[PDB]
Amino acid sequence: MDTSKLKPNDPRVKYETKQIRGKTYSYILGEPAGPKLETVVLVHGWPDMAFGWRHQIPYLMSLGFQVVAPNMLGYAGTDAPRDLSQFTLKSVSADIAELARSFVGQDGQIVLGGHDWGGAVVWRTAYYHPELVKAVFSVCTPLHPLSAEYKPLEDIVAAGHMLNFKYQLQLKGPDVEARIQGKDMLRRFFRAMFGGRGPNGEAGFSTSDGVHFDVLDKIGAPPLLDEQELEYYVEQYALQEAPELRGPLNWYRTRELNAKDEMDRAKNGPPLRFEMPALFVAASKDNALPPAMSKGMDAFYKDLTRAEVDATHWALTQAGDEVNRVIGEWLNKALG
């Protein structure tokens, strides 16, 4: 089988829509070679897309897995409700359960794979729905404990803490949504997000000030995306209603919301415990989420697998041939 990465609107996959929990959920369906072992749900992050697994989906299809990878809430052909409560990691965990059970049955079981914000989803979905996650893994994103207190992110960086998150302030703010609308800003925006730099090495994104709008006129075509996926990321992001990034940025506007759900579970609900197999693929140059943040991840697992790729936050495509190698071998022994 052709195990190369997925090309834009690749014929080796199905582009299907399925209504779940009130919204339309676009997804890609990558189907196995021969009789499937399992079904795998792949979850991207910000500002990624189901297409962000181009190196993984065909590889997992070639391993005999049925692969579904949905565009999440706010991204591409999936709906973006106005309700902030729909972008909480809980409700979206409830989404992934319904989309899974839409494919393997209510008693079925799934190998869950997420990354970035989707990396935080698949742990939540493994926490909320352990009836279903036979094996869960996350790339770049390590487990964060259930939130017990809510602090506005402004107050946390005002005391010098969590400065690696100071970009969500502006992101959650009106700036990125108001300034990046239409194919033209989105295109330059994606040059920025995927490693673009300007004539004097200005970066379109930094973890402290987020999107830099003054550089994005000057920023070149990206090292981690050819022209056709950059134009595929923009053709697909234009699917959302202007301002097209309300949904994609909405994943950052739910700090207090997720707090209320997890303060509930940190006090009443069960503790953060994973008794199903788990892989964690850290990316070395993930300037967004450093591999030190993984820290005391392992004290929450019966059987956790550690891994690390010398790569940026965009580990699915940069280190894709090394990531596919890592997930495959872990999947092979985790399921036996």
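Each residue number is its position in the shown sequence, starting from 1.
Engineer: In the PDB record, does 242-250 or 219-227 carry the higher mean Cα temperature factor?
Structural biologist: Looking at the recorded C-alpha B-factors, 219-227 comes out higher on average.
Engineer: Quick one: say whether 21-29 or 315-323 has the higher mean Cα B-factor in the deposited entry.
Structural biologist: Between 21-29 and 315-323, it is 315-323.
Engineer: Name the one of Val157, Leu84, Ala148, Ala135 with the greatest CA B-factor according to the PDB entry.
Structural biologist: In this record, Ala148 carries the highest C-alpha B-factor of the candidates.
Engineer: Based on what the PDB entry reports, which of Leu272, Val67, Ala50, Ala278 has the top C-alpha B-factor?
Structural biologist: Within the set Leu272, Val67, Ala50, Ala278, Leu272 shows the top C-alpha B-factor.
Engineer: Classify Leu257 as lowest, middle or highest third according to the C-alpha B-factor given in the PDB entry, relative to its own chain.
Structural biologist: Lowest third - that is where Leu257 ends up once the chain's C-alpha B-factors are sorted.
Engineer: Should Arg265 be placed in the lowest, middle or highest third of its chain by the C-alpha B factor in the entry?
Structural biologist: It falls in the middle third of the chain.
Engineer: Within this chain's modelled residues, let me know which third the CA B factor of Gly210 belongs to: lowest, middle or highest.
Structural biologist: For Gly210, the deposited C-alpha B-factor lands in the lowest third.
Engineer: Which third, lowest, middle or highest, does the C-alpha temperature factor of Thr141 belong to within its own chain?
Structural biologist: Ranked within chain, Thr141 CA B lands in the middle tercile.
Engineer: By the recorded C-alpha temperature factor, relative to the other modelled residues in its chain, which third is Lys36 in?
Structural biologist: For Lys36, whose C-alpha B-factor we compare with every modelled residue in the chain, the answer is the highest third.
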